[PDB]
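Form deposited in one PDB entry, single chain, as structure tokens, below.
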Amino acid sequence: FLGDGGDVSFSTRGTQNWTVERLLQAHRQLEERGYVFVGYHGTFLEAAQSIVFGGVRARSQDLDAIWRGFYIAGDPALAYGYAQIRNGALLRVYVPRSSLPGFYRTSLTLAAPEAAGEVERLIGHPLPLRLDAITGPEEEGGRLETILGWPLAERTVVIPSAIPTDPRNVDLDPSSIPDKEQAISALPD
């Protein structure tokens, strides 16, 4: 999914060997196989390492936590809110375009007790999310953050973003987001 070229490597120095060029190619390949970008996921260096080269996996703990899921965000401004004291990495998250019917939206804010009831009505099954995703407001850096049920989360293809992080700003600077990626990043649900 990386395309070709060198070895993508996360560093505080910056994601090694990753160009918006590479981005456009690996995005086009995914689009040709039915995948659609649903937002960003900001995390720290070795966690980025794991996800990209190992895949999104759940944690054999807390199996029944009601709001368990993999969080992402439409605007990297919000995603950017996540990274290590010492500098993280931003990733773009893809799902097959077919699962989009299972993405719901609510105005209540997620992971709060009064949203549980409403969210189960949308999802049509008691939580936690299974192959669903739910978006509701409650970001800060912007409203709107999305939770992916882990079964969906683990079947997404994840790749580095071209938006970089700064060891001085640990919010997000507009000027740093490549305009080519600005284009790639429109949203479905």
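Throughout, rigid core stands for the largest set of C-alpha atoms superposing within 1.5 Å between the two forms. Residue indices: 1-based, along the sequence shown.
Beyond the structure shown, there is the form deposited in another entry, which is absent from this document and is the topic of what follows.
A.B. asks: Core-aligned, between the shown form and the other one, one residue among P164, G141, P151, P137 moves its CA by 2 Å or more. Tell me which.
C.D. replies: Shifted by 2 Å or more: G141 only.
A.B. asks: With both forms fitted on the core, give yes or no for whether the Cα of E46 moves by 2 angstroms or more between the shown form and the other one.
C.D. replies: Stays below the 2 Å threshold, so no.
A.B. asks: Once you line up the core, how about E32: does its CA shift reach 2 Å between the shown form and the other one?
C.D. replies: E32 C-alpha, core-superposed: shift of less than 2 Å.
A.B. asks: Are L127 and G141 closer or farther apart at their Cα atoms in the other entry than shown, with the shift being 3 Å or more?
C.D. replies: It is closer: in the other entry, the C-alpha atoms of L127 and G141 lie at least 3 Å nearer than they do here.
A.B. asks: Since the C-alpha distance between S176 and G142 changes by 3 Å or more in the other entry, give its direction relative to the shown form: closer or farther.
C.D. replies: Relative to the displayed form, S176 and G142 move farther apart in the other entry - a change of at least 3 Å between their C-alphas.
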